[PDB]
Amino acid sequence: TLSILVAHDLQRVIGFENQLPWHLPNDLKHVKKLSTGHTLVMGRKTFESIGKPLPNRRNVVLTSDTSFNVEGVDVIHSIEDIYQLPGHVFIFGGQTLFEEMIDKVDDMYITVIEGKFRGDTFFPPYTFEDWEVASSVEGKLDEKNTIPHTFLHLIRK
């Protein structure tokens, strides 16, 4: 199973100056439940922006740097190596790798942030004519989650 896993705002912003533009604890928990025990694949810049591999799952970084090495991180140098990864594989970021993978994945787990943030990194355009809405769940607002958001699982028609 090959999935995209992304949070993006109303204009598909996913990042600003190496940071997430929003603070949404419920989405981090969403990320944890989906991807714990499985595989996250990310381009080099997305990994560096995070700074450490995420615990309790395989962390795979795509880069052309043959000296890249980080404890707890498996390195690949080719898009085609993604297809040899066993198990459930989530494409995690960033804009470049999403552009390379959006036409290849089976499904996408999107968190739509119902806001307009300043961004410099974007998720590719996509149309619902190509994706069936398997589920759409509104996140709950509270104390620490103050931006409306929606969990979409989209599956390729």
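Sequential numbering from 1, following the sequence displayed.
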Where do the C-alpha atoms have the higher mean temperature factor in this entry, in 64 to 72 or in 41 to 49? 64 to 72
Should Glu17 be placed in the lowest, middle or highest third of its chain by the C-alpha B factor in the entry? middle
Here the Cα B-factor of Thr127, set against its chain, lands in the third termed highest
Could you say whether, by C-alpha temperature factor, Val133 belongs to the lowest, middle or highest third of its chain? middle
If you rank every modelled residue in this chain by C-alpha B factor, which third holds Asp106: lowest, middle or highest? highest
Of the three thirds of Cα B-factor ranks in this chain, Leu54 occupies the highest
